[PDB]
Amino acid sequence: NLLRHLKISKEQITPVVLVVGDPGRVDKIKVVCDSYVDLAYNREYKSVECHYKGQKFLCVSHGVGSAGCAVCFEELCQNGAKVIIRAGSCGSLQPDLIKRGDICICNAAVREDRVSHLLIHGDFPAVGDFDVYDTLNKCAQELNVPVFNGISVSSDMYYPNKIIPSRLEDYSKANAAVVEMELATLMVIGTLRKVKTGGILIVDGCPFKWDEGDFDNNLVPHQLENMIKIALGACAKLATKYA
């Protein structure tokens, strides 16, 4: 009995799961683990069992956008997942403080999607699990990797238009740290399904300055590597609790 989109089975899902947007990232991550086992690759959902520091945990891609990652999260959550951490890139909403290559560990997010709203009233908060957040921060510390912490704007609109103003500036003034497209959806589904969520992101630019060239098409190896070591370090530590 395979999951509609993940195409893996309930028994293949581990208590801890690391999710990334791009299926290509999963290939690049598994290779940095001690060992790995490919499980499946359907549509944009690539699943690979990872082995790191004596721990077992999956790495599944969820694709771009909230609606699509929700399919992934729901299938994981409703079939055994206990801890889901997202690792990806984001834009800066505090250009004078957080810049390209920087890593931010988010504890909550703005719900600028639709799926979470079709799941629960807008007043409900999109908040991650403290423990996942704390473990991600401690691993960063142990790897002597400096990081930022804050709220992420999870917006379904990457390319804004000139009719309806973007709420990015409002949220910047509101002290939101960064902007991406999945975290809020992950957090809300997680709390509704009693699954611990977290999120660590690396900055690839600032949407306020895209027209100025404030955007990297590719991340600096060293930096991306650091964020991955943190994420993997965290999953390993969190998985130990369910071994």
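Numbers follow the displayed sequence, beginning with 1.
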Q.
Tell me whether residue 198 turns out to be unmodelled in at least a third of the other entries of this protein, restricted to those that model residues on both sides.
A. no
**Q.** Cross-entry absence of residue 185, a third or more of other PDB entries
**A.** no
Q: Pick between 141 to 149 and 101 to 109: the one whose mean CA B-factor in the entry is higher.
A: 141 to 149
(Q) If you take the mean CA temperature factor per stretch, which one wins between 59 to 67 and 210 to 218? (A) 210 to 218
Q: Determine which member of 75, 123, 170, 131 has the highest CA B-factor, using the values in the deposited entry.
A: 131
(Q) Ranking the modelled residues of this chain by C-alpha B-factor as given in the entry, is residue 161 in the lowest, middle or highest third? (A) highest
Q) Hey, what third does residue 180 fall into on Cα B-factor, ranked over its chain? A) lowest
Q. If you rank every modelled residue in this chain by C-alpha B factor, which third holds residue 116: lowest, middle or highest?
A. lowest
Q: Please place residue 18 in the lowest, middle or highest third of its chain by C-alpha B factor as given in the entry.
A: lowest
Q | residue 155, C-alpha B-factor rank within chain (lowest, middle or highest third) | A | lowest
